[PDB]
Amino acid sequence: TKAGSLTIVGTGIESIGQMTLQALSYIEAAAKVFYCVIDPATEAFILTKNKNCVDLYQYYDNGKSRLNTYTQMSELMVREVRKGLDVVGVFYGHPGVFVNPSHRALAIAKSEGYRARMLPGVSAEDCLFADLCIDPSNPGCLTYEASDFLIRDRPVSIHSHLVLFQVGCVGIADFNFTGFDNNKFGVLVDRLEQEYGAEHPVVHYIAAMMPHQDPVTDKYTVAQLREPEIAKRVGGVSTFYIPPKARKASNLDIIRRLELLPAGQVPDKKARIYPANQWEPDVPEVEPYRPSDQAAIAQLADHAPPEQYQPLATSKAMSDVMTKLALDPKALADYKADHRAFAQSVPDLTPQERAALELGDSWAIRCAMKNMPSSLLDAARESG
C-alpha cells in the first residue's frame, strides 16, 4: 500500500555476465539506481540500463571511517524510498555477502513499513567453488572474514573447507584510494601456521573480473605467505581457500541409527567419490571408471524414461506468461495485485493454464505445465 520500495541486487563478480536476469530487470524498472561495483564495464552497462544512477563509491574517502561511508550509502537509498520512489541498490557479487549498507538500508526501509527485498547474486565464494572445482558439501565449508577470524578466534575444522574473505585488509578500519600495505597480514599467517602447519597449502584466489581473464589459483605453503614478494600479491579482491588436512571417520552410532549396515560395507574414511579435491595435500588418485561406473554406462543403451517421469507439456502462451512474470517486475506486481484479473487478460491460455494462474498455487502451475502419469498419482503423496 505505502509508496516507495527498496530492492537490493547484485552484479556477480565477472563483468556483466554474472548479473542475474532479475537483477537486470529491476535495474531497468527502477526510478533511481545506486551502485557500488568494481569494474568499469559493469558500471558503463548499468548506466545504459537506467537514466538515474548514482555511484556510491564516491562516499569513500582517505582516512574516512568505512562505517560513516556505509551509513551515508544506506541513507542515500532510504531517502529516495521515503519520497515514494522504487529504488534499486546494486552491489557487486551477492549484495548481502560481506556488505554492511545493503542490510542497513533494507532493515531501515522494512522498519518504516516500506517494501524491502534483497535479490541474491553470485558471490566470490560461488566463483571460488566453480574455479577451484570444489563442492562445499564435500566435506563441509567454514567461511569467515579474515579480521573477525583472528579477533574472535573463530574455530577451524582441519576436516572441512576453510574460506577467508578480506585477507588484504587485516585490522584496517578506514579506506585509501590507492589501497593498503596490509602490514598486519603476518598475524593471519601465524594463526594459519598454528592451525595447519608451515607446509599446509593455502590457495590465493582471485576470480577473473573481465570475461577474457583467467582466475588466480596460486597454491602457496603457509610458510611462503611470509615471503615479502608473495605477501605483496594479496589485495582488496584476494580470497584464501585452505583445503582440509585429513578425512574424518564415520560415527558407528549414526551408521547404526541410519541403518547403513552392515558396517563393513561402509567405505574406508579414505574412500572418495570421483573426483578428489585436487588442492588437498597428498590426495590419492581416484578411479573415475570403476566396474560399477562401467555397468551404469552399459545400461544407457536400453534406457527409456521411467513410467513416473513427467514430460514437459506446456504451450507458448503459458511459457510466455511465466517468463514475463520472471523478467517484468511491473507484470509481476500486477499479477500479485489481482491473480484473477491478470490471468483473465493473458491471451491464448488454455482453460487449465488460466485456472492455474488464477489460483497461483505452485502445484496447479506444475501439472498445467507437466504431464503427470497415472503411475505417479496412484503413489503421489500430494493428498489430492
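When you see a residue number, it is the position in the sequence shown, counting from 1.
Looking at 52-60 and 331-339 together, the entry lists the larger mean B-factor for 331-339, computed on C-alpha atoms. Mean C-alpha B-factor is higher over 273-281 than over the other stretch, the pair under comparison being 273-281 and 99-107. Within the selection 308, 137, 265, 74, the deposited Cα B-factor values reach their highest point at 265. Per the PDB entry, 359 shows the highest C-alpha temperature factor of the residues 37, 30, 321, 359. Ranked by Cα temperature factor within the chain, residue 215 sits in the middle third according to the deposited record. In this PDB entry, the Cα temperature factor of residue 243 sits in the middle third of its chain's modelled residues. Annotation for residue 43: C-alpha temperature factor in the lowest third relative to the rest of the modelled chain, per the entry. Per the deposited record, the Cα B-factor of residue 372 falls in the highest third when ranked against the other modelled residues of its chain. Among all modelled residues in its chain, residue 114 ranks in the middle third by Cα B-factor.
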